[PDB]
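Bear in mind these aren't lab numbers, they're just calculated from the coordinates by the rules spelled out. Note that each Cβ is placed from the backbone with ideal geometry, even for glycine, and that neighbours are counted across all protein chains shown.
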Amino acid sequence: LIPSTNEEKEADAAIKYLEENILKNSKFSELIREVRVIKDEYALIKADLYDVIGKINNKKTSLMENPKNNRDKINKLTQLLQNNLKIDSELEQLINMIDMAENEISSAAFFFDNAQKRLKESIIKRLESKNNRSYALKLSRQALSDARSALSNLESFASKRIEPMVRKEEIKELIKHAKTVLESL
Amino acid sequence: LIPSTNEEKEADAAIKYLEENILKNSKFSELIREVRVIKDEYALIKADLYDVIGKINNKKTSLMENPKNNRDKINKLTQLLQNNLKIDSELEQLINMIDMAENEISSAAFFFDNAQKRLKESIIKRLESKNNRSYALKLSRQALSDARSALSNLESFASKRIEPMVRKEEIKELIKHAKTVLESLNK
């Protein structure tokens, strides 16, 4: 199970290095909670901005059915509204930033996870080639052994048919000598 | 597909030794047939013997119910019967040598075909072990790569921590101010 090859060690070393001073200073669950707190905090800030923008617009609209008398008011309000669209715009960027961040840390846990799996899978395949190469050799030796048992069988066959091949006609005549002695008596 | 290792080579040579010197472009089946031909020849011969045993066991009981002095001309026929029964044995032996012969050539064929398959299996298995090793390397590299991806995100994440913790109070305050401006108009 231990990693052996230079590459297996090189991965193991990288994984254990994340594990034993990064993910033991600051673990994944507690990094995810970290961000989700501020993500929530920024959503309340958005909510509040949207509330005041709406109040700005609703006041401006009302004042606008009397725009001569409300010119100043309408101007402060127009300007004020335009300022908050800018605030909204910079807030969006930050909310984007915190979204990426939340993804990045969920990528990390993903990648880290997969990495551990990918190394387990590599060591297991190493052992599969080791077993396969070992079985090759043994196949090559069994093959040699079969060829020898084949040889030893072929020699046994060779020598067992000699007597029978050699005494056949000696026996054919030994019969059919004594046939003609049945003929005549 | 060609024998490379010393042990693949050594099995190659033991198979080809039989092909070249013992077998010589005459299948196992040919050797079987030749054994079968002589078992049939002996089959026939044992019939013939059995057949003229019967015929002695007549002219020894037949032509022996009118026998001009039975005791003497008995021996000659029992001598043959006995002289042609011991053979009936030597014959059974030879028939058995031929069956043992036929069984040997059966086992030869089994081991021979197995030598060939075992040898093909080993070459194939050897190549399989190297592909498995290629895949083990690819898998072990992808592990490093994944470990470095994970790093990249943890670095990237870490460099987004501070901008928002700083900027956020200032935004809270710009917001406080906006609603201050708006209340004030309403006076």
Within region B:118-130, which residues are among the charged types (D, E, K, R) and either within 7 Å of chain A (Cβ to nearest Cβ) or over 19 Å from the mean Cα position of the chain (by Cα) (or both)? B:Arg118, B:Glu121, B:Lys125, B:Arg126, B:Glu128, B:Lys130
Mind listing just one residue for me: the one in region A:7-23 that is part of a helix (DSSP H, G or I) and more than 7 Å from every other protein chain (Cβ to nearest Cβ) and, of those, surrounded by the most Cβ atoms within 10 Å (Cβ to Cβ)? A:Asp12
If you go through B:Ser4, B:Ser26, the only one that is exposed (fewer than 15 other Cβ atoms within 10 Å of the Cβ), among the polar types (S, T, N, Q), touching a helix residue (DSSP H, G or I) at 6+ places or on another chain (Cβ under 8 Å) and under 30 Å from A:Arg141 (Cβ atoms) is B:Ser4
For B:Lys130, only one of the following conditions fails: (1) of a type in the set (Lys, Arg); (2) surrounded by fewer than 16 Cβ atoms within 10 Å (Cβ to Cβ); (3) over 30 Å from A:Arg133 (Cα atoms). What is its number? (3)
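For region B:131-144, name all the residues that are facing chain A (nearest Cβ under 7 Å) and either within 27 Å of B:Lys39 (Cα to Cα) or under 24 Å from the mean Cα position of the chain (by Cα) (or both).
Looking only at region B:131-144, we keep the residues that are facing chain A (nearest Cβ under 7 Å), and these are B:132-133, B:135-137, B:139-144.
Matches in region B:131-144: B:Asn132 only.
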When every residue in region B:46-63 that is in a helix (DSSP H, G or I) and among the polar types (S, T, N, Q) is compared, the one nearest to A:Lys160 (Cα to Cα) is B:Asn57
Here are some conditions: (1) of a type in the set (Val, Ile, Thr); (2) more than 8 Å from chain A (Cβ to nearest Cβ); (3) under 30 Å from B:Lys130 (Cα atoms). B:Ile53 meets all but one. Which one does it not meet? (3)
Of B:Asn66, B:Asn96, B:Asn75, the only residue that is of a type outside the set (A, V, I, L, M, F, W, C), outside any helix (DSSP H, G or I), more than 9 Å from chain A (Cβ to nearest Cβ) and loosely packed, with under 14 Cβ neighbours inside 10 Å is B:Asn66
Please verify whether B:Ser4 is within 18 Å of A:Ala158 (Cβ to Cβ) and outside any helix (DSSP H, G or I), treating the condition exactly as stated. no
Here is a list: A:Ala115, A:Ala147, A:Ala101. Which entry is facing another protein chain (nearest Cβ under 7 Å), closer than 30 Å to B:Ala101 by Cβ, of a type in the set (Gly, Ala, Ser) and surrounded by 15 or more Cβ atoms within 10 Å (Cβ to Cβ)? A:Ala147
Quick check: is even one residue across region A:140-156 in a helix (DSSP H, G or I) and within 30 Å of B:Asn84 (Cα to Cα)? yes
Flag if B:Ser107 is among the hydroxyl-bearing types (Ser, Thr, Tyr) and within 23 Å of the chain's Cα centre (by Cα): yes
I need the full set of residues from region A:166-181 which are more than 7 Å from every other protein chain (Cβ to nearest Cβ) and under 30 Å from B:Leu23 (Cβ atoms), in order please. A:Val166, A:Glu169, A:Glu170
Scan region B:29-38 and give yes if some residue there is out of contact with any helix residue (DSSP H, G or I) (no Cβ under 6 Å at 6 or more places or on another chain), outside any loop (DSSP other than H, G, I, E, B) and acidic (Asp, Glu), otherwise no. yes
From A:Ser184, A:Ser159, A:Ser152, grab the single residue that is of a type in the set (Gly, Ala, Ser), more than 8 Å from chain B (Cβ to nearest Cβ) and more than 20 Å from B:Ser107 (Cα to Cα). A:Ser184
